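One chain comes next, on its own, written out as C-alpha cells in the form solved without its partner chain.
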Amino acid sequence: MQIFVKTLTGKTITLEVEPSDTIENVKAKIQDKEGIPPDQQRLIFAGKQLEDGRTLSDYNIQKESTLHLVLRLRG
C-alpha cells in the first residue's frame, strides 16, 4: 500500500505503508523523510485531522490517498 503526503509549500511525498498502520506510525515515517518531529506534525485527510491512536483503515484511508501535512507550533 502507498499513500501520498501533501506539504504546505508544495511537493508530493510518497509513503509506503500498511493498512493497519497507526497514525503515529505514519508520523514516524514522515520524520524519516522530512526530519519533522511527530509532535509538530498534523495530518489532514479529506479536511479532517487524524489522531495518533487510530489506524489508516479506521479512517478508511486506502492506497493512492493524500494526507495533508501541517506543522503545529504555538506561543
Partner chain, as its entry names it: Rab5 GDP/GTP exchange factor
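Positions refer to the first chain, counted from 1. Between two forms, the rigid core is defined as the largest C-alpha subset superposing within 1.5 Å.
Stretch comparison, 42-50 versus 22-30: after rigid core superposition, larger RMS CA deviation in 6 other deposited structures of this protein is found for 42-50. Each structure in 6 other deposited structures of this protein is fitted to the shown form on the rigid core, and of 5-13 and 58-66 the C-alphas lie farther away on average for 5-13. The question of which stretch, 37-45 or 23-31, has the higher mean Cα B factor is settled in favour of 37-45. In this entry, 60-68 shows the higher mean Cα temperature factor of the pair 13-21 and 60-68. Per-chain ranking of the deposited C-alpha B factor places residue 3 in the lowest third.
Another form exists, deposited with its partner chain bound; not displayed. Remarks below refer to it.
Its partner chain in the entry with it bound comes within 4.5 Å of no heavy atom belonging to residue 25.
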